[PDB]
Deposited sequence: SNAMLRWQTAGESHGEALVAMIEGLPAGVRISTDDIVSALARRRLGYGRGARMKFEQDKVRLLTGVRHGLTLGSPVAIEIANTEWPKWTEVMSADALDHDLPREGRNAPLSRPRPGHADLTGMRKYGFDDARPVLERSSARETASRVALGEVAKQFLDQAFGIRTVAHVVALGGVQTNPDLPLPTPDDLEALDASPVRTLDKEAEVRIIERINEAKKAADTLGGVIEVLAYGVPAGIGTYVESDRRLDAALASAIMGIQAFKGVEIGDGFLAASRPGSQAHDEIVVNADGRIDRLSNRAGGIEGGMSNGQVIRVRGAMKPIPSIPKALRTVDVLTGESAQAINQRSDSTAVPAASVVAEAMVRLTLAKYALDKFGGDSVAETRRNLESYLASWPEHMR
């Protein structure tokens, strides 16, 4: 079972993150993590060590512990980076995060959904959106406001998820249940939807199981603005939950065995 723990005080010598149950063969580097941490600072000099579980840039199958030199989101974002690598390398699964509403201003829903290829443009946007018209209105609104007190709605999309991850049983063990819980557990979040949700299309989860479509998770939040950073942190938690459920369903001891189990299932 993929399991993780974080540690470290706002003003201490280090933050520690530890993840267990990841298979051997995942390519992960400290520069990957430094890069993932920089992204958390974005919105209108991190040092990382991989202490255990890695040799020659690959996971070994043992527990991976990360030391980050410095409330904090760093350690969760670091874990999300490891989860990101694993999901892509083992399954072709990739996520995207963006802000779809901030301070009451909505983005245009008729516009194309962002994709993983839009990552550079989203990092470049001060409020993490491709909707250039909404962005300038959001910026105006931020400037009329203190900044970190404004609310918003964020969205995380997951591509390449194969159908069949989750359970048909009605319980918190369903995939939409686990995701809803992962988001709402983030400070400031007050709501979560799968797809159109309250507006109701399914958002890629139907009857507790992924259906093969894009998974669209939205989180409402209400506590220099904090909304873009929240989208990034939420992406980390969505990645971790997705990694956990995908590994439970197709898990092998090495990334190569894991793909091999995906191709088997997918060929029947």
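Counting the deposited sequence from 1, the stretches lacking C-alpha coordinates are 1-3, 48-56, 83-140, 216-217, 273-297, 321-347, 393-398.
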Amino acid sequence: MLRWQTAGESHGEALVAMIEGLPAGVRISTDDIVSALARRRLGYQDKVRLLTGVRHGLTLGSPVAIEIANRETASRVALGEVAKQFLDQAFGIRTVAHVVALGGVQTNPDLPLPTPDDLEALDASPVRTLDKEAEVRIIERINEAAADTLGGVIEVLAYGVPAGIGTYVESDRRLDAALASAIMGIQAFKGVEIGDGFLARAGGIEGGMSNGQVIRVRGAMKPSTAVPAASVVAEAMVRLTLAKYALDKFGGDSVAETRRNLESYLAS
From here on, numbers count along this sequence of modelled residues.
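Averaged over CA atoms, B-factors in the entry run higher in 53-61 than in the other of 236-244 and 53-61. Higher mean CA temperature factor between 225-233 and 201-209: 201-209, per the PDB entry.
In the PDB entry, the Cα temperature factor peaks, among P112, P162, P126, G185, at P112. When the Cα B-factors of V153, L130, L175, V169 are read from the PDB record, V169 comes out highest.
Ranked against the other modelled residues of its chain, the C-alpha B-factor of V34 as given in the entry falls in the middle third. Ranked against the other modelled residues of its chain, the C-alpha B-factor of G195 as given in the entry falls in the highest third.
Among the modelled residues of its chain, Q89 has a C-alpha B-factor that falls in the middle third according to the deposited record. For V16, the recorded CA B-factor ranks within the lowest third of the chain. Only modelled residues enter the ranking. The PDB entry assigns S264 a C-alpha temperature factor belonging to the highest third of its chain's modelled residues.
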